[PDB]
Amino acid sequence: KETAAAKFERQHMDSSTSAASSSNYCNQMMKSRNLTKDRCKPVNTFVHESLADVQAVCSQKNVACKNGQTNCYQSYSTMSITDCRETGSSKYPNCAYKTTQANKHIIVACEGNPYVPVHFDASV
C-alpha cells in the first residue's frame, strides 16, 4: 500500500538530472511513473533536485495550503522543475504532454515521521 510520502516521490521527484532535456521528457516520465496507466493525469510537476533538498523544504517557509491546512512549506530557494501538461488533443490511451522547464519555488505539504513532503501544492 503506497505511502503518501512514496506517492510524492513517484509523482514528483526526478533527481536523475537537473533539466528535462527533450521535448519528449514528459511523455516518457509520465509513463515511467504510472501516470498514464488508467487515464492521462492532466497536470504534473517533476522536481530536479536532490531528495534531501526537497525534504528540507519541510523546515522552510510555513504557509497555508490550498485546502486550508497549515502544514505547507514554500522553498526559500528556487528549484529546477518541469511542468508536464497534457495537450488539448491528448486522448487516452495515447497520452501526450507538453514539457516546460522552469526555475521556481515549490510549495509542499509535509507530514509524518520522518517529516517529509506528501503533496505538491504549487510552484511559485
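Whichever C-alpha set is largest while still superposing within 1.5 Å between the two forms counts as the rigid core. Note that residue numbering begins at 1 and tracks the sequence as displayed.
Participant: Core fit done; bigger CA RMS in 6 other deposited structures of this protein for 77-85 or for 59-67?
Facilitator: Higher average C-alpha offset in 6 other deposited structures of this protein goes to 59-67.
Participant: Read off the CA B-factors in the entry, average them over 9-17 and over 101-109, and name the higher stretch.
Facilitator: Mean C-alpha B-factor is greater for 9-17.
Participant: Output the stretch having the higher mean C-alpha B factor in the entry; the candidates are 42-50 and 83-91.
Facilitator: Per the deposited B-factors, the answer is 83-91.
Participant: Can you tell me which of 28, 78, 55, 74 has the highest Cα temperature factor in the record?
Facilitator: Largest recorded C-alpha B-factor: 28.
Participant: Among the chain's modelled residues, which third holds the C-alpha B-factor of residue 67?
Facilitator: Residue 67: CA B-factor falls in the highest third of its chain.
Participant: Would you mind checking where the Cα B-factor of residue 60 ranks among the modelled residues of its chain, as the lowest, middle or highest third?
Facilitator: Its C-alpha B-factor belongs to the lowest third of this chain's values.
Participant: Once the chain's modelled residues are ordered by C-alpha B factor and cut into thirds, is residue 4 in the lowest, middle or highest one?
Facilitator: Ranked within chain, residue 4 CA B lands in the middle tercile.
Participant: For the chain shown, is the CA B-factor of residue 122 in the lowest, middle or highest third of its modelled residues?
Facilitator: According to the entry, residue 122 has a C-alpha B-factor in the chain's middle third.
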